[PDB]
>>> print(open('protein.csv').read())   # CSV, C-alpha atoms and all ligand atoms
chain,number,residue,atom,x,y,z
H,89,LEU,CA,4.3,-20.7,-10.6
H,90,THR,CA,1.6,-23.3,-9.8
H,91,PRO,CA,-1.2,-24.3,-12.2
H,92,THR,CA,-4.0,-22.3,-10.5
H,93,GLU,CA,-1.5,-19.4,-10.1
H,94,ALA,CA,-1.3,-19.4,-13.9
H,95,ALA,CA,-5.0,-19.5,-14.8
H,96,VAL,CA,-5.7,-16.4,-12.7
H,97,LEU,CA,-2.8,-14.6,-14.3
H,98,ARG,CA,-3.8,-15.8,-17.8
H,99,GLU,CA,-7.3,-14.5,-16.9
H,100,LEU,CA,-5.9,-11.1,-15.8
H,101,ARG,CA,-4.0,-10.8,-19.1
H,102,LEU,CA,-7.4,-10.9,-20.9
H,103,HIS,CA,-8.1,-7.5,-19.4
H,104,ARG,CA,-4.9,-5.6,-20.3
H,105,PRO,CA,-5.6,-1.9,-21.0
H,106,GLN,CA,-4.7,-0.4,-24.4
H,107,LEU,CA,-1.9,1.6,-22.7
H,108,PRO,CA,-0.3,1.0,-19.3
H,109,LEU,CA,-1.5,3.5,-16.7
H,110,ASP,CA,1.2,5.9,-15.5
H,111,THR,CA,1.1,5.7,-11.7
H,112,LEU,CA,2.1,8.1,-8.9
H,113,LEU,CA,2.7,6.3,-5.7
H,114,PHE,CA,2.6,7.7,-2.1
H,115,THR,CA,4.2,5.3,0.3
H,116,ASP,CA,6.0,4.7,3.7
H,117,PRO,CA,8.1,1.6,3.4
H,118,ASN,CA,10.0,-0.4,6.0
H,119,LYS,CA,7.9,-0.3,9.0
H,120,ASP,CA,5.9,-3.4,7.9
H,121,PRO,CA,6.0,-5.6,4.7
H,122,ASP,CA,3.0,-4.0,3.0
H,123,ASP,CA,4.6,-1.3,0.8
H,124,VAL,CA,7.4,-3.5,-0.5
H,125,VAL,CA,4.9,-6.2,-1.4
H,126,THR,CA,3.1,-3.5,-3.4
H,127,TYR,CA,6.3,-2.6,-5.2
H,128,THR,CA,6.8,-6.3,-5.9
H,129,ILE,CA,3.3,-6.9,-7.5
H,130,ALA,CA,3.6,-3.6,-9.3
H,131,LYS,CA,6.8,-5.0,-11.0
H,132,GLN,CA,4.7,-7.8,-12.6
H,133,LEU,CA,1.7,-5.5,-13.3
H,134,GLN,CA,4.2,-3.2,-15.2
H,135,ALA,CA,5.7,-6.2,-17.0
H,136,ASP,CA,2.2,-7.1,-18.2
H,137,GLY,CA,1.3,-3.6,-19.3
H,138,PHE,CA,-1.3,-2.5,-16.6
H,139,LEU,CA,0.7,0.3,-15.1
H,140,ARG,CA,4.0,2.1,-15.3
H,141,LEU,CA,5.4,3.3,-12.0
H,142,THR,CA,6.9,6.7,-12.9
H,143,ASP,CA,7.2,8.5,-9.5
H,144,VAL,CA,7.2,7.6,-5.9
H,145,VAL,CA,7.1,10.1,-3.0
H,146,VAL,CA,7.9,8.8,0.4
H,147,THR,CA,6.6,9.9,3.8
H,148,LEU,CA,6.5,8.9,7.5
H,149,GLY,CA,9.2,10.4,9.8
H,150,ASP,CA,11.4,13.5,9.8
H,151,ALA,CA,13.3,14.6,6.7
H,152,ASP,CA,16.2,12.2,7.3
H,153,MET,CA,14.0,9.2,8.1
H,154,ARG,CA,12.0,9.8,5.0
H,155,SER,CA,15.2,9.8,3.0
H,156,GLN,CA,16.1,6.4,4.6
H,157,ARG,CA,12.7,5.1,3.5
H,158,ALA,CA,13.3,6.6,0.1
H,159,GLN,CA,16.7,4.9,-0.2
H,160,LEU,CA,15.2,1.6,0.9
H,161,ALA,CA,12.4,2.0,-1.7
H,162,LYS,CA,15.0,2.9,-4.4
H,163,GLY,CA,17.1,-0.2,-3.4
H,164,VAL,CA,14.0,-2.4,-3.8
H,165,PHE,CA,13.0,-1.0,-7.2
H,166,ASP,CA,16.7,-1.5,-8.3
H,167,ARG,CA,16.5,-5.1,-7.3
H,168,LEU,CA,13.1,-5.6,-9.0
H,169,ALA,CA,14.7,-4.4,-12.3
H,170,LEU,CA,12.6,-1.1,-12.1
H,171,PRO,CA,15.5,1.3,-12.6
H,172,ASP,CA,13.5,4.2,-14.1
H,173,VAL,CA,11.3,4.8,-11.0
H,174,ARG,CA,12.0,8.3,-9.7
H,175,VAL,CA,12.0,8.3,-5.9
H,176,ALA,CA,11.8,11.4,-3.7
H,177,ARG,CA,11.3,12.1,0.0
H,178,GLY,CA,8.1,14.0,1.0
H,179,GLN,CA,7.9,17.3,2.8
H,180,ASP,CA,7.7,18.0,6.6
H,181,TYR,CA,4.3,17.5,8.4
H,182,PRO,CA,3.2,18.2,12.0
H,183,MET,CA,4.8,15.8,14.5
H,184,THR,CA,4.4,15.6,18.3
H,185,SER,CA,7.2,14.2,20.3
H,186,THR,CA,5.1,11.0,20.5
H,187,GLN,CA,4.7,10.9,16.7
H,188,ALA,CA,8.4,11.6,16.2
H,189,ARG,CA,9.0,8.3,18.2
H,190,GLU,CA,6.4,6.2,16.5
H,191,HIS,CA,6.8,7.5,12.9
H,192,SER,CA,10.5,6.7,13.0
H,193,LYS,CA,10.1,2.9,13.1
H,194,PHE,CA,12.5,1.5,10.5
H,195,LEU,CA,13.1,-2.3,10.3
H,196,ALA,CA,16.7,-3.5,10.6
H,197,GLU,CA,16.0,-5.8,7.7
H,198,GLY,CA,15.8,-2.8,5.3
H,199,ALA,CA,19.1,-1.2,6.3
H,200,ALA,CA,21.2,-3.3,3.8
H,201,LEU,CA,18.8,-2.7,1.0
H,202,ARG,CA,19.2,1.1,1.2
H,203,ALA,CA,20.3,2.7,-2.0
H,204,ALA,CA,22.9,5.5,-2.0
H,205,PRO,CA,21.5,8.9,-0.7
H,206,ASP,CA,22.3,10.4,-4.2
H,207,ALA,CA,20.1,7.9,-5.9
H,208,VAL,CA,17.0,9.6,-4.4
H,209,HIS,CA,15.7,13.1,-4.5
H,210,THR,CA,14.7,15.7,-1.9
H,211,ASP,CA,12.1,17.8,-3.6
H,212,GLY,CA,8.9,15.8,-3.0
H,213,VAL,CA,6.2,16.2,-5.5
H,214,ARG,CA,8.0,18.5,-8.0
H,215,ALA,CA,8.6,15.8,-10.6
H,216,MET,CA,5.0,14.6,-10.2
H,217,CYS,CA,3.9,18.2,-11.0
H,218,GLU,CA,6.1,18.4,-14.0
H,219,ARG,CA,4.8,15.0,-15.2
H,220,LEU,CA,1.2,16.1,-14.8
H,221,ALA,CA,1.9,19.1,-17.1
H,222,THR,CA,3.4,17.1,-19.9
H,223,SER,CA,1.5,13.7,-19.9
H,224,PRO,CA,-0.5,12.8,-23.0
H,225,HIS,CA,-2.9,10.8,-20.9
H,226,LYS,CA,-4.4,10.7,-17.4
H,227,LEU,CA,-2.5,9.2,-14.5
H,228,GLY,CA,-3.6,7.3,-11.4
H,229,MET,CA,-2.6,8.4,-7.9
H,230,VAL,CA,-2.3,5.5,-5.4
H,231,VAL,CA,-2.0,6.4,-1.7
H,232,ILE,CA,-0.7,3.7,0.6
H,233,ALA,CA,0.7,6.0,3.4
H,234,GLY,CA,0.1,9.3,5.2
H,235,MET,CA,-1.4,12.0,2.9
H,236,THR,CA,1.0,15.0,3.4
H,237,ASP,CA,2.4,14.9,-0.1
H,238,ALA,CA,-0.7,13.7,-2.0
H,239,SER,CA,-2.5,16.6,-0.4
H,240,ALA,CA,0.3,19.0,-1.3
H,241,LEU,CA,0.1,17.8,-4.9
H,242,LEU,CA,-3.6,18.8,-5.1
H,243,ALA,CA,-2.9,22.1,-3.3
H,244,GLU,CA,0.0,23.0,-5.7
H,245,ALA,CA,-1.4,21.5,-8.9
H,246,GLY,CA,-5.1,21.4,-8.4
H,247,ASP,CA,-5.5,22.8,-11.9
H,248,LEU,CA,-3.5,20.0,-13.4
H,249,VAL,CA,-4.9,17.3,-11.2
H,250,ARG,CA,-8.5,18.1,-12.3
H,251,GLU,CA,-7.6,17.5,-15.9
H,252,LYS,CA,-4.8,14.9,-15.7
H,253,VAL,CA,-5.7,12.5,-12.8
H,254,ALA,CA,-8.1,9.7,-13.5
H,255,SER,CA,-8.6,8.6,-9.9
H,256,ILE,CA,-7.1,8.7,-6.4
H,257,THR,CA,-7.2,5.3,-4.7
H,258,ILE,CA,-6.4,5.3,-1.0
H,259,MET,CA,-5.7,2.7,1.7
H,260,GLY,CA,-7.6,4.6,4.3
H,261,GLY,CA,-10.7,4.9,6.5
H,262,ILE,CA,-14.2,6.5,6.2
H,263,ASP,CA,-15.8,8.4,9.0
H,264,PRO,CA,-19.4,7.0,9.1
H,265,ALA,CA,-20.2,10.7,9.5
H,266,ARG,CA,-20.2,12.9,6.4
H,267,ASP,CA,-19.0,16.5,6.7
H,268,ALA,CA,-21.3,19.5,6.6
H,269,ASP,CA,-21.7,19.3,2.8
H,270,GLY,CA,-22.2,15.5,2.8
H,271,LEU,CA,-18.6,15.0,1.6
H,272,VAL,CA,-16.9,11.8,2.6
H,273,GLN,CA,-14.2,12.5,5.3
H,274,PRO,CA,-11.4,10.4,6.8
H,275,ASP,CA,-11.6,8.3,9.9
H,276,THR,CA,-9.2,9.4,12.6
H,277,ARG,CA,-8.6,5.8,13.5
H,278,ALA,CA,-7.2,4.5,10.2
H,279,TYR,CA,-3.3,4.4,10.2
H,280,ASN,CA,-2.8,6.3,7.0
H,281,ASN,CA,-5.3,9.0,7.9
H,282,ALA,CA,-3.8,9.4,11.4
H,283,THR,CA,-0.2,10.0,10.1
H,284,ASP,CA,-1.2,13.5,9.1
H,285,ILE,CA,-5.0,13.9,9.8
H,286,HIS,CA,-5.2,17.4,8.4
H,287,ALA,CA,-3.6,16.4,5.2
H,288,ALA,CA,-6.0,13.4,5.0
H,289,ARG,CA,-9.0,15.7,5.5
H,290,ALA,CA,-7.6,18.1,2.9
H,291,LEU,CA,-7.1,15.3,0.4
H,292,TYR,CA,-10.5,13.7,0.8
H,293,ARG,CA,-12.2,17.1,0.6
H,294,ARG,CA,-10.2,18.7,-2.2
H,295,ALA,CA,-10.4,15.6,-4.4
H,296,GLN,CA,-14.2,15.8,-4.2
H,297,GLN,CA,-14.3,19.6,-4.7
H,298,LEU,CA,-12.2,19.1,-7.9
H,299,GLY,CA,-14.3,16.2,-9.2
H,300,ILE,CA,-11.6,13.6,-9.0
H,301,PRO,CA,-13.0,10.1,-8.3
H,302,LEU,CA,-11.9,8.7,-4.9
H,303,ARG,CA,-11.7,5.0,-4.1
H,304,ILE,CA,-11.1,4.2,-0.4
H,305,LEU,CA,-10.0,0.6,0.5
H,306,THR,CA,-10.4,0.0,4.2
H,307,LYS,CA,-8.8,-2.6,6.5
H,308,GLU,CA,-11.7,-5.0,6.5
H,309,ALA,CA,-11.2,-5.5,2.7
H,310,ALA,CA,-7.9,-7.4,3.5
H,311,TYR,CA,-9.4,-9.8,6.0
H,312,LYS,CA,-11.1,-12.2,3.5
H,313,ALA,CA,-8.1,-12.1,1.2
H,314,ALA,CA,-5.4,-12.6,3.9
H,315,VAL,CA,-2.6,-14.9,2.9
H,316,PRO,CA,-0.7,-17.7,4.7
H,317,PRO,CA,3.0,-17.7,5.7
H,318,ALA,CA,3.5,-19.8,2.5
H,319,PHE,CA,3.1,-16.5,0.5
H,320,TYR,CA,6.2,-15.3,2.2
H,321,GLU,CA,8.1,-18.5,2.3
H,322,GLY,CA,7.4,-19.0,-1.4
H,323,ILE,CA,8.7,-15.6,-2.6
H,324,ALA,CA,11.9,-16.0,-0.6
H,325,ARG,CA,12.4,-19.7,-1.7
H,326,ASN,CA,14.6,-18.8,-4.7
H,327,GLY,CA,16.8,-16.5,-2.8
H,328,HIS,CA,15.6,-13.2,-4.3
H,329,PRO,CA,16.8,-10.5,-1.9
H,330,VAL,CA,13.4,-8.7,-2.0
H,331,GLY,CA,11.5,-11.9,-1.3
H,332,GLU,CA,14.0,-12.7,1.5
H,333,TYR,CA,13.6,-9.2,2.9
H,334,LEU,CA,9.8,-9.6,2.9
H,335,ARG,CA,9.7,-13.0,4.5
H,336,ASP,CA,12.2,-12.0,7.1
H,337,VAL,CA,10.4,-8.7,7.9
H,338,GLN,CA,7.0,-10.5,8.2
H,339,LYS,CA,8.3,-13.4,10.2
H,340,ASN,CA,10.5,-11.4,12.5
H,341,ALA,CA,7.7,-8.9,13.2
H,342,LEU,CA,5.3,-11.7,14.2
H,343,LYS,CA,8.1,-13.3,16.2
H,344,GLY,CA,8.8,-10.1,18.2
H,345,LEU,CA,5.1,-9.7,18.8
H,346,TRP,CA,4.5,-13.3,20.1
H,347,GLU,CA,7.6,-13.1,22.3
H,348,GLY,CA,6.8,-9.7,23.7
H,349,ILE,CA,3.2,-10.7,24.4
H,350,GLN,CA,4.3,-13.9,26.1
H,351,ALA,CA,7.0,-12.2,28.3
H,352,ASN,CA,4.6,-9.3,29.1
H,353,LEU,CA,7.0,-6.8,27.5
H,354,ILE,CA,3.8,-5.9,25.5
H,355,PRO,CA,1.3,-6.3,28.3
H,356,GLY,CA,-1.8,-4.8,26.6
H,357,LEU,CA,-2.1,-7.8,24.2
H,358,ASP,CA,-2.6,-11.5,25.1
H,359,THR,CA,-2.2,-14.9,23.5
H,360,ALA,CA,-6.0,-14.9,22.8
H,361,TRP,CA,-5.6,-11.7,20.8
H,362,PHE,CA,-2.7,-13.1,18.8
H,363,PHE,CA,-4.7,-16.3,18.0
H,364,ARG,CA,-7.9,-14.5,16.9
H,365,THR,CA,-5.7,-12.2,14.8
H,366,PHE,CA,-3.3,-14.6,13.1
H,367,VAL,CA,-4.6,-18.1,13.4
H,368,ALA,CA,-8.3,-18.6,13.7
H,381,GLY,CA,0.4,-20.4,25.0
H,382,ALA,CA,3.8,-21.1,26.6
H,383,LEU,CA,5.1,-22.1,23.1
H,384,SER,CA,8.2,-20.9,21.3
H,385,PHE,CA,7.7,-19.1,18.0
H,386,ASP,CA,8.7,-22.0,15.6
H,387,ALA,CA,5.7,-23.8,17.0
H,388,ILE,CA,3.4,-20.8,16.4
H,389,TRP,CA,4.5,-19.9,12.8
H,390,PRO,CA,3.1,-23.1,11.3
H,391,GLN,CA,-0.3,-22.3,12.9
H,392,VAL,CA,-0.5,-18.8,11.3
H,393,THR,CA,-3.1,-18.6,8.5
H,394,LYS,CA,-4.0,-14.9,8.2
H,395,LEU,CA,-1.6,-12.2,7.1
H,396,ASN,CA,-3.1,-9.0,5.8
H,397,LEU,CA,-2.0,-7.3,2.6
H,398,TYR,CA,-3.7,-3.8,2.7
H,399,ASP,CA,-1.5,-1.9,0.4
H,400,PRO,CA,-1.2,-4.6,-2.4
H,401,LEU,CA,-5.0,-4.9,-2.5
H,402,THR,CA,-5.2,-1.1,-2.7
H,403,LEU,CA,-3.0,-1.1,-5.9
H,404,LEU,CA,-5.3,-3.9,-7.3
H,405,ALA,CA,-8.3,-1.7,-6.6
H,406,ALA,CA,-6.7,1.2,-8.5
H,407,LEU,CA,-6.3,-0.5,-11.9
H,408,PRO,CA,-9.6,-1.0,-13.7
H,409,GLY,CA,-8.5,-4.4,-15.1
H,410,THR,CA,-7.6,-5.9,-11.7
H,411,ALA,CA,-10.5,-4.2,-9.9
H,412,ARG,CA,-13.2,-5.6,-12.2
H,413,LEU,CA,-11.8,-9.0,-11.5
H,414,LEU,CA,-11.9,-8.8,-7.7
H,415,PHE,CA,-14.2,-6.0,-6.4
H,416,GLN,CA,-17.6,-4.3,-6.6
H,417,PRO,CA,-17.0,-0.9,-4.9
H,418,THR,CA,-19.9,0.7,-3.1
H,419,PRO,CA,-20.7,4.3,-4.1
H,420,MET,CA,-20.9,6.7,-1.1
H,421,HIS,CA,-21.4,10.1,-2.8
H,422,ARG,CA,-24.6,12.1,-2.8
H,423,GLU,CA,-26.3,11.9,-6.2
H,424,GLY,CA,-24.5,13.8,-8.9
H,425,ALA,CA,-21.6,14.8,-6.6
H,426,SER,CA,-18.0,13.9,-7.2
H,427,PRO,CA,-17.8,10.0,-7.0
H,428,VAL,CA,-16.5,8.3,-3.9
H,429,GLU,CA,-16.3,4.5,-3.7
H,430,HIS,CA,-15.7,2.2,-0.7
H,431,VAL,CA,-14.0,-1.2,-0.9
H,432,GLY,CA,-14.6,-3.0,2.4
H,433,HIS,CA,-15.3,-6.6,3.4
H,434,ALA,CA,-18.5,-7.0,1.3
H,435,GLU,CA,-17.0,-5.3,-1.7
H,436,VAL,CA,-14.3,-8.0,-2.1
H,437,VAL,CA,-16.3,-10.4,-4.2
H,438,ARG,CA,-13.6,-12.9,-5.3
H,439,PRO,CA,-11.4,-13.1,-2.2
H,440,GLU,CA,-9.8,-16.4,-3.2
H,441,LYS,CA,-9.0,-15.1,-6.7
H,442,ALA,CA,-7.5,-12.1,-4.9
H,443,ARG,CA,-5.3,-14.3,-2.8
H,444,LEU,CA,-4.2,-16.2,-5.9
H,445,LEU,CA,-3.5,-13.2,-8.0
H,446,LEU,CA,-1.4,-11.6,-5.2
H,447,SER,CA,0.7,-14.8,-5.0
H,448,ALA,CA,1.0,-15.2,-8.7
H,449,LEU,CA,2.1,-11.6,-9.3
H,450,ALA,CA,4.6,-11.6,-6.5
H,451,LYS,CA,6.2,-14.9,-7.6
H,452,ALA,CA,6.3,-13.8,-11.2
H,453,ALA,CA,8.0,-10.5,-10.4
H,454,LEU,CA,10.8,-12.1,-8.5
H,455,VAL,CA,11.9,-14.4,-11.3
H,501,CA,CA,1.9,1.7,3.8
>>> encode(input="protein.csv", output="structure tokens")
Amino acid sequence: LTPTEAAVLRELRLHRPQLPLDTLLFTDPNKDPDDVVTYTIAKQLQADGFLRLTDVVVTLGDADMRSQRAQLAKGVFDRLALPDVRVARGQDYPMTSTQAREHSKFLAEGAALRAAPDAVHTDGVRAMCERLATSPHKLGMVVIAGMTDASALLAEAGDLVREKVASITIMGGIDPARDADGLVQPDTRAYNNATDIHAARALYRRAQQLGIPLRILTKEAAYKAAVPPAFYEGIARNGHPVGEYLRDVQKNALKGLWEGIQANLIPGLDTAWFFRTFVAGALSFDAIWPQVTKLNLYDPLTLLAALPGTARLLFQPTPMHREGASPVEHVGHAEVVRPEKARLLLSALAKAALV
């Protein structure tokens, strides 16, 4: 670690809960770095007693694709010394031919990290249901992917969820328009909502009907707290296979995008877009990489917003619910009050986890 990377951690450790929060995670890894960065910081947050990641249900793609994502997730948890995490593939959800193409994106970098098929399960949220029935304390639900399985969990176990879930924290989007009853509803444009829009609608609505507090972190929250390439270069620096996966995934993705834009293989985007997005022409990528200053970490910030100790340190969520209704909070650009502490905590946790 670095000195300032210690003081923020030291500071976080002041806010350790009495018991770690048992956590149910809904995730779609290996189409970008986001989800695996989250597993990485979760490792350190588990080490320091903020959470315990008991169950992970994986979505995005058809049944076999979800199993591949599940095997990848498993492989990462194994390499993070998190051997107890129970990973299962989610259930089928509606897919056009177009979605079947797009939802099947699976980075080559992840192929070699895949655990054996028998290391992961096929029965979705069943174990989560069984856990909800037998847990002595309330659990958190963290949603960093499409909402097919999170919604199914509420549909199947609404009785249990009402009594046994403390909150549902979601990397999603809020329609500026409330529904007929003034309930918050998902934005059709936010990636995790659009994966299965009807499941997202059903999750946002049913959480409020059941009185489960909802916390929605939207993409603009990540902008202030975006990290440089050194976040990635740093975690890979000691040869940790998860750190190396992450750095390679982020760098290769950005490289493919620059080169495709440049050659016009990706005609709808231009150099000007790339520069506004990642920085602040005819160049090769090794000349562009050092200029990159902004890399967004949506899913990790979402996990940070889900734990009371981390959230108090970084955010002031804005209430969105009608008076006396089931609570709904928004974390957007203005609600991230210590973005530089956020950036530092993210780096500290990630580095610590890979030691
Ligand atoms: Ca994700």
>>> residues_near_ligand(input="protein.csv", ligand="ligand CA 501 (chain H)", cutoff="8 Å", atoms="all atoms listed in the file", output="MDAnalysis selection string")
chainID H and resid 115:117 120 122:123 232:234 259 280 398:399
>>> closest_residue(input="protein.csv", among="H:153, H:341, H:113, H:140", to="residue H:238", atoms="all atoms listed in the file")
H:113
>>> closest_residue(input="protein.csv", among="H:170, H:258, H:160, H:403", to="residue H:197", atoms="all atoms listed in the file")
H:160
>>> residues_around(input="protein.csv", residues="residue H:294", least_positions_apart="2", cutoff="10 Å", atoms="all atoms listed in the file", output="CSV table (one decimal) with C-alpha atoms, keeping the file's coordinate frame")
chain,number,residue,atom,x,y,z
H,239,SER,CA,-2.5,16.6,-0.4
H,242,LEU,CA,-3.6,18.8,-5.1
H,243,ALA,CA,-2.9,22.1,-3.3
H,246,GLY,CA,-5.1,21.4,-8.4
H,271,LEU,CA,-18.6,15.0,1.6
H,288,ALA,CA,-6.0,13.4,5.0
H,289,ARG,CA,-9.0,15.7,5.5
H,290,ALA,CA,-7.6,18.1,2.9
H,291,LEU,CA,-7.1,15.3,0.4
H,292,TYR,CA,-10.5,13.7,0.8
H,296,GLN,CA,-14.2,15.8,-4.2
H,297,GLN,CA,-14.3,19.6,-4.7
H,298,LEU,CA,-12.2,19.1,-7.9
H,299,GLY,CA,-14.3,16.2,-9.2
H,300,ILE,CA,-11.6,13.6,-9.0
>>> atom_distance(input="protein.csv", atom1="atom CA of residue H:390", atom2="atom CA of residue H:366")
10.8 Å
>>> closest_atom_pairs(input="protein.csv", of="stretch 365-441 of chain H", to="stretch 346-355 of chain H", cutoff="9 Å", atoms="only C-alpha atoms", output="tab-separated table")
residue	atom	partner	partner_atom	distance
H:381	CA	H:350	CA	7.7
H:382	CA	H:350	CA	7.2
H:383	CA	H:350	CA	8.8
H:384	CA	H:347	CA	7.9
H:385	CA	H:346	CA	6.9
H:388	CA	H:346	CA	8.4
>>> residues_near_point(input="protein.csv", point="(5.7, -14.6, -11.5)", cutoff="10 Å", atoms="all atoms listed in the file", output="list in words")
residues 89, 90, 93, 94, 97, 129, 131, 132, 323, 445, 446, 447, 448, 449, 450, 451, 452, 453, 454 and 455 of chain H
>>> residues_around(input="protein.csv", residues="residue H:213", least_positions_apart="4", cutoff="10 Å", atoms="only C-alpha atoms", output="PyMOL selection string")
chain H and resi 112+114+143-146+175-179+217-219+237-238+240-241+244-245
>>> atom_distance(input="protein.csv", atom1="atom CA of residue H:361", atom2="atom CA of residue H:345")
11.1 Å
>>> atom_distance(input="protein.csv", atom1="atom CA of residue H:228", atom2="atom CA of residue H:128")
18.0 Å
>>> closest_residue(input="protein.csv", among="H:205, H:224, H:182, H:137", to="residue H:162", atoms="all atoms listed in the file")
H:205
>>> closest_residue(input="protein.csv", among="H:230, H:151, H:295, H:207", to="residue H:191", atoms="all atoms listed in the file")
H:151
>>> residues_around(input="protein.csv", residues="residue H:419", least_positions_apart="6", cutoff="9 Å", atoms="all atoms listed in the file", output="number ranges by chain")
H: 427-430
>>> closest_residue(input="protein.csv", among="H:199, H:265, H:229, H:148", to="residue H:283", atoms="all atoms listed in the file")
H:148
>>> closest_residue(input="protein.csv", among="H:149, H:163, H:344, H:261", to="residue H:187", atoms="only C-alpha atoms")
H:149
>>> residues_near_point(input="protein.csv", point="(-12.5, 9.5, 8.0)", cutoff="9 Å", atoms="only C-alpha atoms", output="list in words")
residues 260, 261, 262, 263, 264, 265, 266, 272, 273, 274, 275, 276, 277, 278, 281, 285, 288, 289 and 292 of chain H
>>> closest_atom_pairs(input="protein.csv", of="stretch 179-249 of chain H", to="stretch 324-336 of chain H", cutoff="12 Å", atoms="all atoms listed in the file", output="JSON lines")
{"residue": "H:195", "atom": "CA", "partner": "H:333", "partner_atom": "CA", "distance": 10.1}
{"residue": "H:196", "atom": "CA", "partner": "H:333", "partner_atom": "CA", "distance": 10.1}
{"residue": "H:197", "atom": "CA", "partner": "H:333", "partner_atom": "CA", "distance": 6.4}
{"residue": "H:198", "atom": "CA", "partner": "H:333", "partner_atom": "CA", "distance": 7.2}
{"residue": "H:199", "atom": "CA", "partner": "H:333", "partner_atom": "CA", "distance": 10.3}
{"residue": "H:200", "atom": "CA", "partner": "H:333", "partner_atom": "CA", "distance": 9.7}
{"residue": "H:201", "atom": "CA", "partner": "H:333", "partner_atom": "CA", "distance": 8.5}
{"residue": "H:202", "atom": "CA", "partner": "H:330", "partner_atom": "CA", "distance": 11.8}
>>> write_last_selection(input="protein.csv", atoms="C-alpha atoms", output="PDB file, in the coordinates of the input")
ATOM      1  CA  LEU H 195      13.100  -2.300  10.300  1.00  0.00           C
ATOM      2  CA  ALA H 196      16.700  -3.500  10.600  1.00  0.00           C
ATOM      3  CA  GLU H 197      16.000  -5.800   7.700  1.00  0.00           C
ATOM      4  CA  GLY H 198      15.800  -2.800   5.300  1.00  0.00           C
ATOM      5  CA  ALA H 199      19.100  -1.200   6.300  1.00  0.00           C
ATOM      6  CA  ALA H 200      21.200  -3.300   3.800  1.00  0.00           C
ATOM      7  CA  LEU H 201      18.800  -2.700   1.000  1.00  0.00           C
ATOM      8  CA  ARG H 202      19.200   1.100   1.200  1.00  0.00           C
TER       9      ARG H 202
END
>>> residues_around(input="protein.csv", residues="stretch 313-315 of chain H", least_positions_apart="4", cutoff="8 Å", atoms="all atoms listed in the file", output="PyMOL selection string")
chain H and resi 309+319+393-397+439-440+442-443
>>> residues_around(input="protein.csv", residues="residue H:138", least_positions_apart="3", cutoff="9 Å", atoms="all atoms listed in the file", output="count of residues only")
17
